[PDB]
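Survey of secondary and tertiary structure
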Amino acid sequence: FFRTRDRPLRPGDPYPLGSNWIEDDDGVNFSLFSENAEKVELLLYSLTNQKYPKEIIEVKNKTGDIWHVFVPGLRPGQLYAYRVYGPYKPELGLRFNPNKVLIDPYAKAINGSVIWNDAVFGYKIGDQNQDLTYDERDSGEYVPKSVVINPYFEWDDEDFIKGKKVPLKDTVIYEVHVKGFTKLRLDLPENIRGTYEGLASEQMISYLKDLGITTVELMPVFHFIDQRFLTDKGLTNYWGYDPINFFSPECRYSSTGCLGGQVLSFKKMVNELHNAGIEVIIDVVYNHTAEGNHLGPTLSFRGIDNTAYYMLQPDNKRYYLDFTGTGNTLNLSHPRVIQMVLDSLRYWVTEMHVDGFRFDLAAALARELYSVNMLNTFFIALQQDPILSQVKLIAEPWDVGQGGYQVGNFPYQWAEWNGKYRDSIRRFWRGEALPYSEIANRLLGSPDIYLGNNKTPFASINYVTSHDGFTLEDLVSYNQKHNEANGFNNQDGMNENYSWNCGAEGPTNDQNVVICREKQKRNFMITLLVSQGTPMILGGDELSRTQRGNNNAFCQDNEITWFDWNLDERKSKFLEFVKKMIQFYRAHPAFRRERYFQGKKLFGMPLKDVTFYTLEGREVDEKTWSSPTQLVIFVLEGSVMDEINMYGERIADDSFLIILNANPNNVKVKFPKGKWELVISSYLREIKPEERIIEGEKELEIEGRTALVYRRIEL
Amino acid sequence: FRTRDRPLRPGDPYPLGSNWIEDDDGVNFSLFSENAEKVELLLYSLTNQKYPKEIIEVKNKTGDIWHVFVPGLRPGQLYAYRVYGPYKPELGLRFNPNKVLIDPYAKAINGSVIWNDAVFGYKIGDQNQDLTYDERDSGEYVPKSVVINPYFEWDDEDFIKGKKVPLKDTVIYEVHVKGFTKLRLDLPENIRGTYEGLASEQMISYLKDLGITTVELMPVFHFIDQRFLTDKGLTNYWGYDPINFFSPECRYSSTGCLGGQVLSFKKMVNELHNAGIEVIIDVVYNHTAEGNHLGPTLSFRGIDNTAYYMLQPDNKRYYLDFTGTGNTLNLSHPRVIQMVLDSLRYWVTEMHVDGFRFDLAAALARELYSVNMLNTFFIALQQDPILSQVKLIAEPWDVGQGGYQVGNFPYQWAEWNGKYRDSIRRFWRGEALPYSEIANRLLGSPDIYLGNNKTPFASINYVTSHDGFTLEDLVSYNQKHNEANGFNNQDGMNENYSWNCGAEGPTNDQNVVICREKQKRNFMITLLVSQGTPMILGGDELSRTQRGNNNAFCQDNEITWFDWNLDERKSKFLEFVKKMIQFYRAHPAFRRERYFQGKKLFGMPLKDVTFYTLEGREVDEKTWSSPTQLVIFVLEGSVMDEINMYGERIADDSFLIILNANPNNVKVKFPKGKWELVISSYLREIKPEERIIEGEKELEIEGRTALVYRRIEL
Ligand SMILES: *[C@@H]1O[C@H](CO)[C@@H](O[C@H]2O[C@H](C)[C@@H](N[C@H]3CC(CO)[C@@H](O)[C@H](O)[C@H]3O)[C@H](O)[C@H]2O)[C@H](O)[C@H]1O
Ligand SMILES: *[C@@H]1O[C@H](CO)[C@@H](O[C@H]2O[C@H](C)[C@@H](N[C@H]3CC(CO)[C@@H](O)[C@H](O)[C@H]3O)[C@H](O)[C@H]2O)[C@H](O)[C@H]1O
Ligand SMILES: OC[C@H]1O[C@H](O)[C@H](O)[C@@H](O)[C@@H]1O
Ligand SMILES: OC[C@H]1O[C@H](O)[C@H](O)[C@@H](O)[C@@H]1O
Ligand SMILES: OC[C@H]1O[C@H](O)[C@H](O)[C@@H](O)[C@@H]1O
Ligand SMILES: OC[C@H]1O[C@H](O)[C@H](O)[C@@H](O)[C@@H]1O
């Protein structure tokens with residue numbers, strides 16, 4: 001029989017948001033935003049007992065729209081969660097349910113995941129007035145607890161990489177799933193297989209160093225939840241694109257787990273990577289939550305302050321505007337949400353030492369009420385920020401809502417995923433004949449797309465494959481999508497995959513087939529790694545990774561998506577090809593350009609920095625340039641480039657001659673003046689001894705589906 | 001030789017301005033320009049600043065930011081820019097590469113404008129005015145930008161960072177670097193009216209004696225003298241008219257200004273901080289010294305005119321004017337917003353300023369046509385890690401339409417309380433206000449800032465500021481005498497709510513002298529006895545007089561000079577202000593973090609705050625609405641809801657305030673207890689039977705008289 005004031009306490013501070021171990025005053029400082037709540041309760045738990053509060057403190061102080069308290073004696077490791085009281089009126093958007101225990105949206109560590117159970121929903125499930133009703137079952141025992149943490153971490157060798165690192169212009173990106181990376185890597189002891197620690201191991205670090213990639217883009221590592229409808233199918237959220245907190249790294253990747261060790265385990269991994277001269281880019285979901293729409297659960301944001309955080313139907317305020325396609329969309333217009341997102345970004349930069357972000361469904365971040373605005377508050381604040389102005393920003397230039405196709409529209413400093421590039425290039429080798437323009441442009445960093453906005457070929461992130469869609473193997477191994485293992489009666493995944501089976505579906509024995517696939521794989525690989533702009537490799541395509549024609553394996557936490565490291569002749573002999581191709585790209589400036597090629601002679605030279613030929617031997621004209629084709633052929637003049645380094649030197653390369661033939665049949669091209677040693681191709685066969693040079697404007701036959709690069713050694 | 005037959009590097013876009021890069025032995029020049037077709041970097045020598053020593057074309061670009069890196073250059077270098085572009089004034093395009101321009105990210109400017117028709121980009125004479133294109137080279141008339149070496153050892157300095165003076169206990173001292181120490185024949189000149197002078201041991205000591213916690217400087221942003229002042233023998237004294245947001249005013253610098261003004265400023269701030277004094281700078285972000293059209297072309301107009309300035313949306317050849325100074329910065333542009341925020345962060349982390357008071361803060365919220373207090377600028381500013389910790393005070397309005405924005409300001413934001421200023425002026429002037437009016441002013445004006453969730457200390461109380469009369473003139477003039485400004489006395493507010501006590505100006509009638517000194521102390525007590533943050537107007541303790549000029553914005557002379565020569569009347573008031581500031585800061589009951597509620601607390605009989613009438617009977621209802629010339633209230637120090645950062649409830653003494661603004665005498669009945677006289681505005685010796693009142697007894701109170709009382713027993 002005591003009071004909330006017979007327990008030693010201090011008023012605390014509104015800032016920072018979240019919970020802060022304040023060594024000096026031997027206690028913790030709890031800050032929580034909510035401008036609509038009427039009352040707030042701090043819930044302290046213990047290691048062993050997590051069904052009930054050890055203790056219940058009432059946050060009684062509130063500076064503006066921020067309740068704050070300081071509890072003495074709390075140190076790092078202490079589990080806590082939030083109750084929020086307030087008005088319940090689903091008609092008006094108010095969805096306060098103080099029975100529902102909530103997660104601190106500023107937690108830097110989160111204990112478990114959700115034990116799915118009707119009681120986490122704050123409306124009555126089986127009730128006819130779903131989500132209009134008020135369920136008052138306590139849900140404490142199911143929702144994971146927030147963990148206070150000790151942010152101290154010694155970034156040994158840290159600080160020096162900080163510093164003339166990988167510019168976007170020589171970068172080569174490697175998209176990886178932390179788990180899938182290394183789950184099936186018995187090369188390491190289990191229990192770091194498919195974790196952070198596993199990712200940044202000697203074995204692996206050496207692999208990446210070998211492979212030749214410079215930066216790694218990890219899939220979502222924001223603590224995320226497994227959708228119930230995936231759970232009720234014996235399934236999981238493998239990709240992670242359903243975040244519930246924006247500051248905590250997913251616990252299911254931590255080797256140390258789960259209690260504070262996820263963030264400790266992460267930092268070491270980045271430390272380890274930087275020591276090896278490797279950047280880190282994290283996939284970032286900011287556009288939606290795991291709380292989905294109405295009918296969805298009440299875990300974190302919905303409880304604390306639903307009016308903010310979430311874009312609501314302005315006429316209803318009971319339902320959720322959804323441009324993300326996942327039930328809700330984050331209200332990037334509310335000052336507090338803009339702050340949270342930005343904090344998160346700075347937090348992950350200065351604290352976790354991330355080097356850049358790939359924003360998922362970017363356009364969703366530039367939404368006001370129904371309209372896109374590449375000049376919204378959030379983006380401008382992000383642009384002026386001293387810390388963030390220095391990190392790499394990359395974008396999925398589109399959301400799913402109406403008018404959400406934002407290719408070419410993102411403020412400077414942004415590189416955007418080029419989906420023009422992927423679609424086109426994929427349809428080119430497929431067999432389709434596109435206008436000589438639509439492909440030459442692609443090949444040259446899509447100047448049309450980006451040059452209209454003062455951007456460079458950097459901004460163009462070129463890729464053939466990706467976690468979204470097929471793999472590179474399954475891109476030449478399928479015509480239709482086989483996502484029946486997802487348990488959605490194969491009613492999910494892109495229908496147009498602009499793919500081709502090489503004359504089958506699925507695995508095969510017909511050598512004539514395999515040969516085709518192995519060719520194409522190398523046509524794709526030659527392209528990407530010879531097109532202007534920034535190339536991205538899909539993690540595993542150097543292993544010929546297969547998802548059995550699953551082009552949407554988002555819930556497939558298993559062998560379907562596991563990296564397979566068991567390499568036979570074929571699989572491995574390609575690995576060697578990707579390695580040598582990458583090295584080629586890297587060793588040659590005429591492909592890592594900060595400026596576009598114009599079509600003229602520069603610096604008073606007698607040659608063009610570039611030149612597009614026809615099939616015999618002939619510069620392209622206004623008409624041939626607009627008319628379709630399946631055979632592109634172009635010369636880059638290393639020496640007559642307008643590329644200057646940071647020291648003001650211009651930058652010769654060698655002169656190349658790229659011959660791309662997507663034509664199914666063979667063709668005969670006439671080589672332009674001068675003499676032209678062979679370097680690289682698609683040919684899996686012994687290179688004919690009469691193909692290894694070309695002289696005197698003479699000519700040569702080329703099997704369909706074949707890429708060739710040539711180096712002029714005399715003119 | 002072409003622009004390419006001298007060594008260069010492409011340089012870097014971030015950050016903006018010129019930046020000494022030791023390791024690469026050279027300077028990096030960066031400059032925002034959306035619409036420029038061409039940019040040219042001018043390098044002058046110390047000796048010759050008529051023509052450019054060299055011209056370098058900024059060829060390299062990155063989005064909307066031009067930059068080059070020039071090898072060899074060191075800090076100290078003079079430079080300006082030439083921005084080439086289209087000239088279509090009716091469209092808002094006002095580029096004129098004949099006009100040499102100041103770098104808007106200049107951390108140091110060397111000198112000021114040599115006023116001359118050549119600096120206007122349009123033909124001054126011509127009959128179609130601003131639509132015309134003047135082709136005179138303005139170089140020899142325009143101050144050059146300087147590359148500064150930013151280094152500086154802030155001894156100790158980094159430990160006040162740390163805790164500092166919390167708004168709860170603050171006491172604000174508005175000073176004008178110049179006037180403060182101009183007429184200070186203590187120090188050497190070549191140091192009178194300068195940054196260094198302000199920070200001399202003699203002045204620090206003074207400031208500690210007086211007992212103020214933080215100084216608030218008038219604009220120190222490099223500014224120019226408006227030409228319509230130059231052509232009157234006049235200058236811009238206050239300096240509310242800058243062209244650069246990064247470099248401190250040259251004219252306040254003891255060590256010249258080729259970087260001197262920067263160096264000299266830091267060491268002033270450094271010294272203040274070693275005496276535990278906070279530095280707040282009055283800042284102007286809302287408008288530029290480039291006026292409207294017909295104005296000069298110096299910096300922004302010339303670098304990008306469609307970017308920096310709010311243009312009439314139907315014309316874009318005329319400037320939207322919400323400030324009254326010709327033009328208005330549009331903080332809706334991503335780069336404009338970045339510059340203001342960059343600037344703010346620069347003065348914080350670089351000049352170690354402790355906060356800003358924004359002049360015409362409302363005009364900063366204009367975005368489109370109206371005041372959206374939810375604008376991009378304010379939002380970015382709120383979420384900023386650095387600016388998150390500093391103080392943000394505001395002139396909560398502008399001269400615009402619907403600009404009056406009192407109380408609407410974001411949080412952490414404090415406000416100049418204009419209503420206090422006025423209400424209190426009128427109270428002691430005679431007028432009888434609703435007992436509710438004055439009452440609210442005294443409880444920190446909850447009826448205003450309480451609605452927005454703000455605290456009592458977010459209200460910045462003042463009876464005087466640089467706008468209008470001083471305190472000495474406030475009780476000394478009924479009308480204004482701005483004749484000296486040469487504007488037929490059409491400038492300056494007309495309603496000053498002042499009361500000359502019985503003359504106009506300086507007198508001999510002692511009856512009138514004395515009325516003055518009574519009023520001065522009446523105002524003084526009320527201020528330092530109200531809830532909220534009190535701001536003293538520099539020189540008021542010195543009984544400073546502008547000779548009844550209530551707008552000495554251009555009077556850079558004896559009128560505004562701090563007169564340090566004090567007689568007895570002076571020293572007596574000085575002493576009194578001291579004793580009174582010392583009282584404010586002694587008693588937590590006035591430095592409150594929360595508002596008095598009208599009720600008891602903590603299960604105590606007495607209620608934390610009570611108001612009374614002439615007689616004991618507590619202020620009933622219709623008495624709370626009906627006007628009054630007499631205020632009386634009792635703070636119960638021992639029953640306040642006040643908690644320090646340690647979770648301790650605070651307590652104070654219990655005080656009984658008597659504010660008789662009525663001109664005649666009055667009898668008052670003390671409530672029950674046994675009371676002691678602590679301070680009053682009486683200039684005569686206090687009768688011994690006023691020193692201790694007891695037992696519902698009564699007391700004669702002369703008109704215009706304020707009294708504070710402590711209840712020794714109950
Ligand atoms: C970018 O962001 C997208 C949305 O967050 C990612 O979406 C992928 O993962 C989602 C969980 C999945 N959701 C839908 C699945 C289905 C049926 O297939 C429905 O039952 C659900 O209710 C939907 O929410 C997306 O379909 C899937 O593409 C994307 O991978 C990121 O790159
Ligand atoms: C807040 O901001 C105000 C404007 O920046 C400051 O204004 C004071 O100084 C101005 C230069 C002065 N300008 C006008 C003067 C006159 C006639 O008196 C006209 O001829 C000019 O064209 C106007 O620009 C203001 O009148 C004066 O109050 C104010 O002090 C700051 O606190
Ligand atoms: O609406 C979602 C779609 O938007 C755009 O068309 C993208 O190019 C496509 O990949 C994506 O699936
Ligand atoms: O709406 C989506 C479409 O927008 C534009 O038409 C693009 O050119 C096209 O590639 C894309 O699929
Ligand atoms: O428009 C500016 C004016 O607004 C209000 O009237 C203020 O009371 C006055 O002091 C200020 O000068
Ligand atoms: O002129 C001064 C007056 O201007 C406006 O009417 C304001 O609303 C008022 O508060 C202010 O006193």
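The rules behind each value
- Residues numbered from 1 in each chain as written, not as in the entry; some residues may be left out.
- Chains lettered and ligands numbered in written order.
- Part of a larger assembly, values for the part shown.
- Heavy atoms only, no water.
- Residues with missing side-chain atoms left out of burial classes, pairs and counts.
- Contact = heavy atoms within 4.5 Å.
- Buried area = accessible area lost by both parts, 1.4 Å probe.
- Salt bridge = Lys/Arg side-chain N within 4 Å of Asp/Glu carboxyl O.
- Polar contact = N/O pair within 3.5 Å; in protein donor to acceptor, adjacent residues only side chain to side chain.
- Helix = DSSP H or I, 4+ residues; strand = E, 2+ residues; numbered from the N terminus.
- Nonpolar A, V, L, I, M, F, W, Y, C, P; charged D, E, K, R; others polar.
- Disulfide = S-S within 2.5 Å.
- Buried < 20%, exposed > 50% of the residue type's maximum accessible area, 1.4 Å probe, protein only.
- Near = heavy atom within 4 Å.
- Areas by Shrake-Rupley, 256 points an atom, 1.4 Å probe, with all protein chains shown as cover.
- Domains from an automatic or database assignment.

Structure determination for the deposited model, as stated in its record, used X-ray crystallography, and the stated resolution is 2.80 Å.

Taken together, the contact pairs 35 residues of chain A with 33 residues of chain B. Summing the contributions of chain A and of chain B, the shared interface buries around 2700 Å²; its carbon and sulfur component is 55%. Applying the counting rule to chain A against chain B returns 0 salt bridges. At the boundary of chain A and chain B, one finds 5 residue pairs in polar contact. Among the secondary structure elements, those contributing two or more residues to the side of chain A that touches chain B are helix 6 (335-351) and helix 7 (377-384) of chain A. No other element matches the 7 residues that helix 6 of chain A contributes to the side of chain A that touches chain B. Its residues placed into classes, the side of chain A that touches chain B shows 16 nonpolar, 11 polar and 8 charged.

Let us look at the state of the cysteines. All names here are of chain B. Summed over the entire model, instances satisfying the criterion amount to 4 disulfides over all chains. The residue that forms a disulfide with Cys 250 is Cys 257, at a sulfur-sulfur distance of 2.2 Å. Classification of the bridge connecting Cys 250 and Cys 257 rests on its S-S torsion, roughly -60 degrees, and on that basis the disulfide is left-handed. Per residue, the accessibility class of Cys 250 equals that of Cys 257, and both read buried. Bridging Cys 501 to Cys 515, the disulfide has an S-S length of 2.3 Å. With the S-S bond torsion at -45 degrees, the cross-link from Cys 501 to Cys 515 turns out left-handed. One end of the pair, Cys 501, is in the loop between helix 13 (471-474) and helix 14 (510-527); the other, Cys 515, is in helix 14, with 14 residues separating them in the sequence. The class for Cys 501 is buried, based on a relative accessible area of 2%. Given the relative accessible area of 17%, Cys 515 is considered buried.

All names here are of chain A. Near ligand 3 you find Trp 398, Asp 399, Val 400, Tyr 405 and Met 494, and these make up its full shell. Relative to its unbound accessible area of 320 Å², ligand 3 is 57% covered by the protein chains. For the shell around ligand 3, the residue count by class is 4 nonpolar, no polar and 1 charged.

A few words on the domain arrangement of chain B. All names here are of chain B. Segmentation of chain B into domains returns domain 1 (1-149), domain 2 (150-594) and domain 3 (595-714). Contacts between domain 2 and domain 3 engage 46 residues on the former and 46 residues on the latter. Taking both sides of the interface into account, the surface hidden between domain 2 and domain 3 amounts to around 3700 Å²; carbon and sulfur atoms contribute 67%. In this assembly, domain 2 and domain 3 are joined by 2 salt bridges. Across the pair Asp 641 and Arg 594 runs a salt bridge whose closest N-O atoms are separated by 3.0 Å. If you look at where domain 2 meets domain 3, you find 20 residue pairs in polar contact. Going through the elements one at a time, helix 10 (418-429), strand 17 (433-434), helix 11 (435-442), helix 12 (446-449), helix 14 and helix 15 (568-584) are the ones with two or more residues in the side of domain 2 that touches domain 3. Here the side of domain 2 that touches domain 3 takes 9 residues from helix 14, the largest share from any one element. When the residues that make up the side of domain 2 that touches domain 3 are grouped by side-chain class, the tally is 25 nonpolar, 11 polar and 10 charged.

Glancing now at the environment of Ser 200 of chain B. Its location among the elements puts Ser 200 of chain B in the loop between helix 2 (195-198) and helix 3 (201-210). Once the C-alpha coordinates of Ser 200 of chain B and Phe 427 of chain B are considered, the two residues, 227 residues apart in sequence, prove to be 39 Å apart.

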